[PDB]
Amino acid sequence: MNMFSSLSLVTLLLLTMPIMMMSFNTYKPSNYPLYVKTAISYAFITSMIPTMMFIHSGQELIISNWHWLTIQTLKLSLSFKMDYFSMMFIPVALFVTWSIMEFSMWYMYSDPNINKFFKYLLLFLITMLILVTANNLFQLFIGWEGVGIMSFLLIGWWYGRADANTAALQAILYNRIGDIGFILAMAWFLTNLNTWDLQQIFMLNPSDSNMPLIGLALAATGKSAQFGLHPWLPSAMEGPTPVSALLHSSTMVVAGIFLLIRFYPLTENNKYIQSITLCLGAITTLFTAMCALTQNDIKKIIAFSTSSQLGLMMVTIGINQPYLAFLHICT
Amino acid sequence: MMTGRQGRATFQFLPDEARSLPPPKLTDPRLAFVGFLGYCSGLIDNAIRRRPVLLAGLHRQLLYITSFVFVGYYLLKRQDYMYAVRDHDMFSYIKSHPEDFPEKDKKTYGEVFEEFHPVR
Amino acid sequence: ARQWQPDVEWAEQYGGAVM
Amino acid sequence: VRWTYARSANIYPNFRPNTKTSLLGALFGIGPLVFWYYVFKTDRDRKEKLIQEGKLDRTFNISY
Amino acid sequence: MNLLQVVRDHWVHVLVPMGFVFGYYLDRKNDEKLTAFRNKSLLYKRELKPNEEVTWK
Amino acid sequence: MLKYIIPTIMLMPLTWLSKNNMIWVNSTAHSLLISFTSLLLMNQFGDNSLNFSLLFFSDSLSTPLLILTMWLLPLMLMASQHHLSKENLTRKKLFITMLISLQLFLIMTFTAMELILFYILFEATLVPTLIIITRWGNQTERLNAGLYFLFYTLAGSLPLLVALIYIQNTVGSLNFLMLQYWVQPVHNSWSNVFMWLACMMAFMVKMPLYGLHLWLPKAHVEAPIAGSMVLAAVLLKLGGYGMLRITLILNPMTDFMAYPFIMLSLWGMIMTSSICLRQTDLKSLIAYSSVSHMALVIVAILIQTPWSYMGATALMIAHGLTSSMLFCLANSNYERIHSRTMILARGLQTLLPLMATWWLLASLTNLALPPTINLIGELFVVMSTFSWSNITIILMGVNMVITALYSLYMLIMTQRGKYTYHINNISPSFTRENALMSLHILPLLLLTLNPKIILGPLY
Amino acid sequence: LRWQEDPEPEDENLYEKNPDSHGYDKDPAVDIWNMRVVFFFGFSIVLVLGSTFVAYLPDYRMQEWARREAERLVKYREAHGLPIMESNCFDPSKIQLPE
Amino acid sequence: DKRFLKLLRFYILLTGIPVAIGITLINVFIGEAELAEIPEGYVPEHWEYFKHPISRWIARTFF
Amino acid sequence: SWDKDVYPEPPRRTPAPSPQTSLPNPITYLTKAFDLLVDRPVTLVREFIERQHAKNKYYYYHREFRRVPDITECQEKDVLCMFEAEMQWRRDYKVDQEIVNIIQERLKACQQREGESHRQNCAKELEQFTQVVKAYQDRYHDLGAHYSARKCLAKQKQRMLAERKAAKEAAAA
Ligand SMILES: CCCCCCCCCCCCCCCCCC(=O)OC[C@H](COP(=O)(O)OCCN)OC(=O)CCCCCCCCCCCCCCCCC
Ligand SMILES: CCCCCCCCCCCCCCCCCC(=O)OC[C@H](COP(=O)(O)OCCN)OC(=O)CCCCCCCCCCCCCCCCC
Ligand SMILES: CCCCCCCCCCCCCCCCCC(=O)OC[C@H](COP(=O)(O)OCCN)OC(=O)CCCCCCCCCCCCCCCCC
Ligand SMILES: CCCCCCCCCCCCCCCCCC(=O)OC[C@H](COP(=O)(O)OCCN)OC(=O)CCCCCCCCCCCCCCCCC
């Protein structure tokens, strides 16, 4: 336990150190992209040790290390869930982020603000790891909105371009519409189950879960750009290509799917939500694949490919195969 | 209401019975405020006549403070006398009319019924 | 810019027999 | 300057109460308020009726 | 000049600090007028410690 | 409270007796020292409020409002001293005096034990506020703004005076502790309906309530920067503080008397949020943003749940720092281009990099990015309102979408795109301006670490 | 010319006469002191020491005490087969119902 | 902009670093109080109901 | 540290290693590296600190509140008695919030501990959570932001009247 928990946390703390050092304490400009890229590669290595331990024996644990706030009978504590989904996804996300940062060192070489670019990429990764390891819905919402705002800032990187600002605000618009569903689920869980913790939600296992699950489905629809709230994802190709590779193809856009996977103990007992997510994913995968057939911008084709693949992940949710949906996220 | 009090010595600033009351303390916060008003009047007098506000005519400023404090002291003595008389009249009347001011037989909350209005 | 203060046009509103 | 002035200060002086403005103001002003009053008043009266009859599930509802 | 002129430059800086001390002092004097229930509430009333004469001031 | 009242009063002789060139240094330094001592008000107990004397007390509701109030005075002195630089000495000192007197009335307002003492100081704040708007405002419209401000407030507050005196005659006391034990339920009669309205309309106008808010876009826009800071940060919260107190004696009538005001607020917040999307004046947009946020506080106070009361207290504090920061950010552009039009100066991120970071942080708190205390307050209100009626989540959800849109529209229009070619006097940001912005945002984000101290008595 | 009124003065650039200006005052010495008091009393004192003071507030509003008290009661009541909590807040023997 | 951030960092560290060192020294060489039953007939001071030495100093000095 | 009865946990059952592979186990060698490089120097520093604390040992106490008469025994409008009863009721109310939190913490620790078998093996914790939440809801739910002992008492009597009425017409049948 003592090694598992120590190393799982240091992975997260290690990524925050390049952020703190940009308080002009040890800061030197020229080496900064290499510094951030090196921290990612070490975070990948430290993340493999807890992953090996889970693979070996299935070890899982929850760390509720800091008590933040008690509201009468709702105790909110910073808590991390080191389980199947977070043990497998973290090394995969760090491995891919490692390559994209090395690629960015070449692609963005002539950008005068390359240090700010690497800071923003790192901030996205931190908020994504907060999202993946979150054990309560409030902490999840922190990561949920964190990636949204970093997405907004990276899409509108070239802020003199009117089209880039429009696309950046478009992503916020569609994602805030999805956030209404997220807020709905939090309100329902608090009112009906007196909790935002996943443990208590799964223990109480409500049978009348249509309303909270519909909220979570609406949240997924925006974050994973399913049909209805889909247009923002191809528009986000306004960003520099390293942004598209990381956020809007590999990691940020799977957060809607990931949210539904975390709540599979509720969706698996609800055939109505399975039917909704099945059809929603099916129309998304077909519609966006069809759009991809005629696009001439290479990034638009790959972007519509992502939407179509996300639709297939949502179909896997709808047929009650959450672990296959997670595997497709990783591959 | 108190114009025709039975023991009203008419047209007297401070009737003799007022001498049984404790005088206002010279450190009374109300008397200190009256002195402060006197000091403000002294500053205004300098200002309207375009003298240096803080320094000009310190003798005049002193008489502003003294006269306000002097008049304030007697007005507070009458003020305290008039409220003492009000209380004296009130308690005498209550004693003379016990049938109008009965001591209530007052119950505990365990016995009295209050409706509950849920906030939901 | 400098703080606006009443001009002759504003002030003449108060110079009539009635408001 | 003309554009910002026309979009604010100049509007009321050129406003006339008539059939068009009175109806639109009533429809856009009061309409939504009356509508939302009857949605919430109806929903809360139904919910209140169920709670008094013990027919609303509030098993774990202790935060409000 | 030293001391003088320095004092003339900077004597205003005692006003607010002395206001706080005086305000603090008057707050204590008001507490001495509200002692009707000192060591007499049902919750906290107790026997006085040998040397002690009041439970609070 | 005398340990705060007397030092505040001493700021006046300090200002008047200071060397001519040290009026800003002296008043700023000592007002910060007073703000530092206000942290001693954080001696709050789980059961009992901190009751100083017959006149004053502080509980978990008034304590954060007091700390915010005393914090704002040095910030306002910093924000004002540039645009008053050519004012003659005596008029500068009178301007500072109005700010000090406003602080004196406010800290006594928030700690008054007796509702009629609360009333007198609650109205007292009008006088210095009116003088600041009309004397030191910049445009012709400041005179009209002062009248709307004055007569909207008094139209409501004079009926409140009659109600309060009526309550004292019937209960025998207006002392707030006594009313907690002697409060009786309100029977449902026509006479009690108008008592309820008398006790609430004055506070509703100050929030402001949608429909009764027309004074705010005038007053908040025409005031000098210090006037706008205190008007939005603190004075709007007198209405919220007053409502949170007086609802104690209005149950159970609030159950049904709340409905018309909940509808005005829930629909009003969507209306005023939409207005922000088409505002052409940057200061006017920020002013309409306040109306939308305070609509949530009105709704939270009227549904009277422990969660809505914690959320309302957090929002009032969170909005105070955020709205004041936005006005200061908008003012810093105004001091350069001398116009409040939002489309006039564009692409300012290219010319003022660090100032564009303050704009971003101010915008993110305005749209309630978690885990900011802006979000914590808004979330708690949304949670409680969902329990009041599930359907409210639609109106709350739409408002959060619109709020994100106008918050980032303001950011994009002014900070991004291409700079305006002919505007060539955008000098670098002064140390004073940068310190002024960071003294807003730094305390705001620090409170995220220890939110309980701004969650009010229900925590 | 219509009335005698001064023309509007041109806006002064504090940096022009003082490239090291902090924006507080035209006098360079007063300008520096205004910066120092703001930064010292603002950041060094209020924000840093105030943050520390808030961090070490002695059990703000009794939350830690209540947790210790709840642990004590739960230990006692379970050790005696009593319910952890009762529906009645007040003993029914002290209450006299109507009718 | 660079000068401001330098000044901001200096003045936060001017007291920040001394406080962090003081807190560490207090935590190491004084530590926290140990919970104990109230000795029979003993009346603790109001500040003896708190754990951390800084907390009980605040309670004793100011509250 | 904490009392094991208040925050219970079942005995730990760890299977012994039983490899069937010649390959070395990387975790075993990482575990020994962790002990030498991390746990050992960290333990030494802690022991140094605990020696300093042992030189200066001082105590703090859990405050005890004497019981005072409650609101049911207070005469109407008698603020001095109502005040002491209301403060006691608020202290009890905060305590009851923490009791529910303790029971919730047990429930969540059980669900995580039992893994895929939690639905069966946490039945006791679920039952205790259900009972305490019902009792807490009976005491304090629906009082409103301006709650008090008086309103709590009014709510209890309304419930007692209903339970008394449902009995005379359940004993008549
Ligand atoms: C013996 C001769 C006969 C006359 C004697 C009468 C004396 C009493 C009358 C009142 C006069 C009080 C003393 C006034 C001192 C004024 C001296 C002065 O004007 O010098 C100015 C002095 C320093 O200013 P400086 O440094 O030179 O220049 C600064 C540029 N801004 O600035 C100062 O330091 C002045 C400080 C303010 C003045 C003191 C304020 C007194 C407040 C009185 C409150 C009244 C309360 C009454 C309560 C009584 C209740 C019993
Ligand atoms: C209980 C809940 C309360 C909440 C709801 C409050 C509703 C809002 C109340 C608004 C009050 C009226 C509007 C006040 C805004 C300021 C008025 C204004 O500025 O109008 C300007 C108008 C133009 O004329 P003027 O300014 O004189 O020309 C330039 C020379 N100065 O000036 C004029 O023509 C003269 C204006 C006179 C009106 C002055 C305000 C008095 C308001 C009280 C009305 C009294 C009614 C008494 C009638 C009783 C008999 C029926
Ligand atoms: C734009 C101007 C801005 C200024 C706005 C000023 C707002 C002032 C509002 C004053 C209205 C106060 C209500 C006075 C009517 C009398 C109230 C009353 O006593 O009726 C009781 C009854 C309660 O009904 P019930 O809940 O069934 O009883 C308990 C059993 N469950 O009654 C009920 O059925 C409760 C419902 C009463 C509320 C009706 C709501 C009407 C529809 C919403 C309108 C929104 C506001 C419209 C403002 C437009 C102004 C032009
Ligand atoms: C062997 C001991 C060596 C300790 C080295 C520490 C040096 C750095 C801290 C400097 C502050 C002075 C510390 C002096 C400690 C002397 C007191 C002591 O050692 O006894 C333990 C005592 C707690 O015991 P207690 O029972 O609560 O109090 C008894 C009352 N007579 O202790 C206390 O009461 C705590 C007193 C300190 C708490 C107040 C400090 C101010 C709060 C801010 C802390 C930030 C760090 C301070 C450094 C300056 C910051 C600018």
# chains A, B, ... in the order shown; residues from 1 in each chain; ligands from 1
>>> interface_residues(of="chain F", to="chain D", cutoff="12 Å", atoms="only C-alpha atoms", output="JSON list (two decimals) with N, CA, C and O atoms, in the first residue's frame")
[["chain", "number", "residue", "atom", "x", "y", "z"],
["F", 141, "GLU", "N", -24.91, 62.81, -17.19],
["F", 141, "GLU", "CA", -25.93, 61.89, -16.71],
["F", 141, "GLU", "C", -25.78, 61.57, -15.23],
["F", 141, "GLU", "O", -26.68, 60.94, -14.66],
["F", 210, "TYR", "N", -35.17, 42.42, -10.38],
["F", 210, "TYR", "CA", -35.49, 42.68, -11.78],
["F", 210, "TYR", "C", -36.84, 43.39, -11.88],
["F", 210, "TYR", "O", -37.82, 42.98, -11.26],
["F", 211, "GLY", "N", -36.88, 44.45, -12.68],
["F", 211, "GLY", "CA", -38.03, 45.32, -12.73],
["F", 211, "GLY", "C", -37.80, 46.61, -11.96],
["F", 211, "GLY", "O", -38.18, 47.69, -12.41],
["F", 217, "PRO", "N", -28.06, 50.52, -13.53],
["F", 217, "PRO", "CA", -27.25, 50.82, -14.72],
["F", 217, "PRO", "C", -26.94, 52.30, -14.86],
["F", 217, "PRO", "O", -25.97, 52.64, -15.55],
["F", 218, "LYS", "N", -27.73, 53.18, -14.26],
["F", 218, "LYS", "CA", -27.39, 54.59, -14.26],
["F", 218, "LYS", "C", -26.33, 54.89, -13.21],
["F", 218, "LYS", "O", -25.27, 55.45, -13.52],
["F", 255, "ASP", "N", -43.68, 31.69, 2.31],
["F", 255, "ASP", "CA", -43.93, 30.53, 1.46],
["F", 255, "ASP", "C", -44.64, 30.92, 0.17],
["F", 255, "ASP", "O", -44.23, 30.50, -0.92],
["F", 256, "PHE", "N", -45.69, 31.73, 0.26],
["F", 256, "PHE", "CA", -46.42, 32.13, -0.94],
["F", 256, "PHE", "C", -46.12, 33.55, -1.39],
["F", 256, "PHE", "O", -46.21, 33.83, -2.59],
["F", 258, "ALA", "N", -43.29, 34.70, -1.71],
["F", 258, "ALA", "CA", -42.05, 34.65, -2.48],
["F", 258, "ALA", "C", -42.30, 34.47, -3.97],
["F", 258, "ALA", "O", -41.50, 34.94, -4.78],
["F", 259, "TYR", "N", -43.40, 33.82, -4.35],
["F", 259, "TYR", "CA", -43.59, 33.41, -5.74],
["F", 259, "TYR", "C", -43.42, 34.53, -6.75],
["F", 259, "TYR", "O", -42.64, 34.34, -7.70],
["F", 260, "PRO", "N", -44.06, 35.69, -6.63],
["F", 260, "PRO", "CA", -43.86, 36.73, -7.64],
["F", 260, "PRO", "C", -42.42, 37.19, -7.74],
["F", 260, "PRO", "O", -41.95, 37.52, -8.84],
["F", 261, "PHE", "N", -41.70, 37.23, -6.63],
["F", 261, "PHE", "CA", -40.32, 37.70, -6.66],
["F", 261, "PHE", "C", -39.36, 36.62, -7.12],
["F", 261, "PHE", "O", -38.30, 36.94, -7.67],
["F", 262, "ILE", "N", -39.71, 35.35, -6.93],
["F", 262, "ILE", "CA", -38.89, 34.28, -7.49],
["F", 262, "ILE", "C", -39.01, 34.26, -9.00],
["F", 262, "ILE", "O", -38.01, 34.08, -9.71],
["F", 263, "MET", "N", -40.22, 34.45, -9.53],
["F", 263, "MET", "CA", -40.40, 34.49, -10.97],
["F", 263, "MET", "C", -39.66, 35.67, -11.58],
["F", 263, "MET", "O", -39.01, 35.53, -12.62],
["F", 264, "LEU", "N", -39.75, 36.85, -10.95],
["F", 264, "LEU", "CA", -39.02, 38.00, -11.47],
["F", 264, "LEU", "C", -37.52, 37.72, -11.50],
["F", 264, "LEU", "O", -36.83, 38.11, -12.44],
["F", 265, "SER", "N", -37.00, 37.06, -10.47],
["F", 265, "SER", "CA", -35.57, 36.81, -10.39],
["F", 265, "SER", "C", -35.13, 35.72, -11.36],
["F", 265, "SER", "O", -34.14, 35.88, -12.07],
["F", 266, "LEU", "N", -35.85, 34.60, -11.38],
["F", 266, "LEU", "CA", -35.44, 33.50, -12.25],
["F", 266, "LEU", "C", -35.54, 33.90, -13.72],
["F", 266, "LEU", "O", -34.65, 33.57, -14.51],
["F", 267, "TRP", "N", -36.61, 34.58, -14.10],
["F", 267, "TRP", "CA", -36.70, 35.08, -15.46],
["F", 267, "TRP", "C", -35.84, 36.32, -15.65],
["F", 267, "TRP", "O", -35.25, 36.51, -16.72],
["F", 268, "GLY", "N", -35.74, 37.16, -14.63],
["F", 268, "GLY", "CA", -34.95, 38.37, -14.76],
["F", 268, "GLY", "C", -33.48, 38.10, -14.99],
["F", 268, "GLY", "O", -32.82, 38.81, -15.74],
["F", 270, "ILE", "N", -32.16, 35.68, -16.61],
["F", 270, "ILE", "CA", -31.99, 35.35, -18.02],
["F", 270, "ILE", "C", -32.13, 36.60, -18.89],
["F", 270, "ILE", "O", -31.41, 36.76, -19.88],
["F", 271, "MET", "N", -33.06, 37.48, -18.55],
["F", 271, "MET", "CA", -33.21, 38.72, -19.31],
["F", 271, "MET", "C", -31.96, 39.58, -19.21],
["F", 271, "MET", "O", -31.40, 40.01, -20.22],
["F", 278, "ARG", "N", -25.54, 42.32, -25.84],
["F", 278, "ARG", "CA", -25.68, 43.39, -26.82],
["F", 278, "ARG", "C", -25.36, 44.76, -26.24],
["F", 278, "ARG", "O", -25.69, 45.77, -26.87],
["F", 279, "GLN", "N", -24.72, 44.84, -25.08],
["F", 279, "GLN", "CA", -24.31, 46.12, -24.54],
["F", 279, "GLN", "C", -23.12, 46.67, -25.31],
["F", 279, "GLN", "O", -22.20, 45.93, -25.67],
["F", 280, "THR", "N", -23.14, 47.98, -25.57],
["F", 280, "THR", "CA", -22.04, 48.64, -26.25],
["F", 280, "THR", "C", -21.10, 49.36, -25.30],
["F", 280, "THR", "O", -19.97, 49.68, -25.69],
["F", 281, "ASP", "N", -21.52, 49.61, -24.07],
["F", 281, "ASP", "CA", -20.72, 50.28, -23.06],
["F", 281, "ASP", "C", -20.16, 49.22, -22.11],
["F", 281, "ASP", "O", -20.92, 48.45, -21.52],
["F", 282, "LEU", "N", -18.83, 49.18, -21.98],
["F", 282, "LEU", "CA", -18.20, 48.16, -21.15],
["F", 282, "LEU", "C", -18.65, 48.28, -19.69],
["F", 282, "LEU", "O", -18.96, 47.27, -19.06],
["F", 284, "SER", "N", -21.43, 49.55, -18.64],
["F", 284, "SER", "CA", -22.83, 49.17, -18.58],
["F", 284, "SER", "C", -23.00, 47.65, -18.59],
["F", 284, "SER", "O", -23.87, 47.12, -17.90],
["F", 300, "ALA", "N", -32.22, 32.60, -3.62],
["F", 300, "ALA", "CA", -31.69, 31.78, -2.54],
["F", 300, "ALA", "C", -32.24, 32.21, -1.19],
["F", 300, "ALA", "O", -32.56, 31.36, -0.35],
["F", 303, "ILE", "N", -36.16, 31.08, -0.78],
["F", 303, "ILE", "CA", -36.51, 29.68, -0.57],
["F", 303, "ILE", "C", -36.08, 29.15, 0.79],
["F", 303, "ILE", "O", -36.53, 28.08, 1.20],
["F", 304, "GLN", "N", -35.21, 29.87, 1.50],
["F", 304, "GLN", "CA", -35.03, 29.71, 2.94],
["F", 304, "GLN", "C", -34.59, 28.30, 3.34],
["F", 304, "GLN", "O", -35.13, 27.71, 4.27],
["F", 305, "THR", "N", -33.57, 27.78, 2.67],
["F", 305, "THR", "CA", -33.01, 26.49, 3.05],
["F", 305, "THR", "C", -31.58, 26.67, 3.54],
["F", 305, "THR", "O", -30.92, 27.66, 3.19],
["F", 306, "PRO", "N", -31.07, 25.74, 4.35],
["F", 306, "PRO", "CA", -29.68, 25.87, 4.80],
["F", 306, "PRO", "C", -28.69, 25.96, 3.65],
["F", 306, "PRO", "O", -27.72, 26.71, 3.74],
["F", 307, "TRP", "N", -28.91, 25.21, 2.57],
["F", 307, "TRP", "CA", -27.98, 25.25, 1.45],
["F", 307, "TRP", "C", -28.09, 26.56, 0.68],
["F", 307, "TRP", "O", -27.08, 27.11, 0.23],
["F", 308, "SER", "N", -29.31, 27.07, 0.50],
["F", 308, "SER", "CA", -29.46, 28.32, -0.23],
["F", 308, "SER", "C", -28.90, 29.49, 0.57],
["F", 308, "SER", "O", -28.45, 30.47, -0.02],
["F", 309, "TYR", "N", -28.91, 29.41, 1.90],
["F", 309, "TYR", "CA", -28.36, 30.49, 2.70],
["F", 309, "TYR", "C", -26.84, 30.47, 2.71],
["F", 309, "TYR", "O", -26.21, 31.53, 2.72],
["F", 310, "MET", "N", -26.22, 29.29, 2.71],
["F", 310, "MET", "CA", -24.78, 29.22, 2.53],
["F", 310, "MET", "C", -24.38, 29.70, 1.15],
["F", 310, "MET", "O", -23.40, 30.45, 1.00],
["F", 311, "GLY", "N", -25.12, 29.30, 0.12],
["F", 311, "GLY", "CA", -24.79, 29.74, -1.23],
["F", 311, "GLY", "C", -24.93, 31.24, -1.39],
["F", 311, "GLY", "O", -24.09, 31.88, -2.03],
["F", 339, "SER", "N", -13.03, 56.62, -23.19],
["F", 339, "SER", "CA", -14.35, 56.22, -23.65],
["F", 339, "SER", "C", -14.72, 54.91, -22.97],
["F", 339, "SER", "O", -13.86, 54.09, -22.64],
["F", 340, "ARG", "N", -16.02, 54.73, -22.76],
["F", 340, "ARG", "CA", -16.54, 53.49, -22.20],
["F", 340, "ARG", "C", -17.04, 52.53, -23.27],
["F", 340, "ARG", "O", -17.47, 51.43, -22.93],
["F", 341, "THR", "N", -17.01, 52.92, -24.54],
["F", 341, "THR", "CA", -17.44, 52.03, -25.61],
["F", 341, "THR", "C", -16.53, 50.82, -25.68],
["F", 341, "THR", "O", -15.31, 50.95, -25.66],
["F", 342, "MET", "N", -17.13, 49.64, -25.76],
["F", 342, "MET", "CA", -16.36, 48.40, -25.70],
["F", 342, "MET", "C", -15.66, 48.08, -27.01],
["F", 342, "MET", "O", -14.57, 47.50, -27.00],
["F", 343, "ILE", "N", -16.25, 48.45, -28.15],
["F", 343, "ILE", "CA", -15.65, 48.13, -29.45],
["F", 343, "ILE", "C", -14.57, 49.12, -29.85],
["F", 343, "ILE", "O", -13.89, 48.89, -30.86],
["F", 344, "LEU", "N", -14.38, 50.20, -29.10],
["F", 344, "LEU", "CA", -13.43, 51.23, -29.50],
["F", 344, "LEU", "C", -12.00, 50.71, -29.49],
["F", 344, "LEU", "O", -11.29, 50.81, -30.49],
["F", 380, "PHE", "N", -24.23, 25.91, -4.82],
["F", 380, "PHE", "CA", -25.09, 25.66, -3.66],
["F", 380, "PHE", "C", -26.49, 26.20, -3.89],
["F", 380, "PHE", "O", -27.47, 25.59, -3.46],
["F", 381, "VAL", "N", -26.61, 27.34, -4.57],
["F", 381, "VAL", "CA", -27.94, 27.88, -4.86],
["F", 381, "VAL", "C", -28.67, 27.01, -5.86],
["F", 381, "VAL", "O", -29.86, 26.74, -5.71],
["F", 382, "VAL", "N", -27.97, 26.54, -6.90],
["F", 382, "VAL", "CA", -28.60, 25.66, -7.88],
["F", 382, "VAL", "C", -29.05, 24.36, -7.22],
["F", 382, "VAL", "O", -30.12, 23.84, -7.54],
["F", 383, "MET", "N", -28.25, 23.82, -6.31],
["F", 383, "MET", "CA", -28.64, 22.60, -5.62],
["F", 383, "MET", "C", -29.93, 22.81, -4.83],
["F", 383, "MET", "O", -30.86, 22.01, -4.92],
["F", 384, "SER", "N", -29.99, 23.88, -4.04],
["F", 384, "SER", "CA", -31.17, 24.12, -3.22],
["F", 384, "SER", "C", -32.39, 24.43, -4.08],
["F", 384, "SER", "O", -33.50, 24.02, -3.75],
["F", 385, "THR", "N", -32.20, 25.15, -5.18],
["F", 385, "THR", "CA", -33.33, 25.49, -6.03],
["F", 385, "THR", "C", -33.85, 24.27, -6.77],
["F", 385, "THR", "O", -35.05, 24.20, -7.07],
["F", 386, "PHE", "N", -33.00, 23.29, -7.06],
["F", 386, "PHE", "CA", -33.47, 22.05, -7.64],
["F", 386, "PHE", "C", -34.42, 21.33, -6.70],
["F", 386, "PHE", "O", -35.42, 20.75, -7.13],
["F", 387, "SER", "N", -34.12, 21.36, -5.40],
["F", 387, "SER", "CA", -35.02, 20.75, -4.43],
["F", 387, "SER", "C", -36.31, 21.55, -4.29],
["F", 387, "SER", "O", -37.38, 20.96, -4.08],
["F", 388, "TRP", "N", -36.25, 22.87, -4.40],
["F", 388, "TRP", "CA", -37.46, 23.69, -4.38],
["F", 388, "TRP", "C", -38.38, 23.32, -5.54],
["F", 388, "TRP", "O", -39.59, 23.21, -5.36],
["F", 389, "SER", "N", -37.82, 23.13, -6.72],
["F", 389, "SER", "CA", -38.55, 22.63, -7.88],
["F", 389, "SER", "C", -37.56, 22.18, -8.94],
["F", 389, "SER", "O", -36.74, 22.98, -9.40],
["F", 390, "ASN", "N", -37.63, 20.91, -9.35],
["F", 390, "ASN", "CA", -36.65, 20.38, -10.30],
["F", 390, "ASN", "C", -36.59, 21.21, -11.57],
["F", 390, "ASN", "O", -35.52, 21.36, -12.16],
["F", 391, "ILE", "N", -37.72, 21.77, -12.00],
["F", 391, "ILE", "CA", -37.78, 22.48, -13.26],
["F", 391, "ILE", "C", -36.88, 23.70, -13.28],
["F", 391, "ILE", "O", -36.49, 24.17, -14.35],
["F", 392, "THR", "N", -36.52, 24.24, -12.11],
["F", 392, "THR", "CA", -35.67, 25.42, -12.07],
["F", 392, "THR", "C", -34.30, 25.18, -12.70],
["F", 392, "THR", "O", -33.64, 26.14, -13.09],
["F", 393, "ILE", "N", -33.87, 23.92, -12.81],
["F", 393, "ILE", "CA", -32.55, 23.65, -13.37],
["F", 393, "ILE", "C", -32.47, 24.12, -14.82],
["F", 393, "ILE", "O", -31.38, 24.41, -15.32],
["F", 394, "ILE", "N", -33.60, 24.20, -15.51],
["F", 394, "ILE", "CA", -33.59, 24.71, -16.88],
["F", 394, "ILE", "C", -33.19, 26.18, -16.89],
["F", 394, "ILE", "O", -32.29, 26.59, -17.63],
["F", 395, "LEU", "N", -33.84, 27.00, -16.06],
["F", 395, "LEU", "CA", -33.51, 28.42, -16.03],
["F", 395, "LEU", "C", -32.10, 28.65, -15.50],
["F", 395, "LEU", "O", -31.37, 29.50, -16.01],
["F", 458, "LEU", "N", -25.22, 29.37, 8.63],
["F", 458, "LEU", "CA", -25.75, 28.02, 8.48],
["F", 458, "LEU", "C", -24.66, 26.97, 8.37],
["F", 458, "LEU", "O", -24.96, 25.79, 8.52]]
>>> residues_around(residues="residue 17 in chain E", least_positions_apart="4", cutoff="9 Å", atoms="only C-alpha atoms", output="VMD selection string")
(chain E and resid 13 21 to 22) or (chain F and resid 7 10 30 33 to 34)
>>> interface_residues(of="chain H", to="chain F", cutoff="8 Å", atoms="only C-alpha atoms", output="ChimeraX atom specification")
/H:1,4,62-63
>>> write_last_selection(atoms="N, CA and C atoms", output="JSON list (two decimals), in the first residue's frame")
[["chain", "number", "residue", "atom", "x", "y", "z"],
["H", 1, "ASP", "N", 5.75, 45.38, -16.64],
["H", 1, "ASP", "CA", 5.11, 44.16, -16.18],
["H", 1, "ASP", "C", 6.09, 43.29, -15.41],
["H", 4, "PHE", "N", 6.75, 44.69, -11.88],
["H", 4, "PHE", "CA", 5.66, 44.45, -10.94],
["H", 4, "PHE", "C", 5.71, 43.04, -10.38],
["H", 62, "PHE", "N", -5.80, 36.90, 21.54],
["H", 62, "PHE", "CA", -6.73, 37.81, 20.89],
["H", 62, "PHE", "C", -8.20, 37.56, 21.20],
["H", 63, "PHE", "N", -8.58, 36.35, 21.58],
["H", 63, "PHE", "CA", -9.98, 35.96, 21.57],
["H", 63, "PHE", "C", -10.55, 35.88, 22.98]]
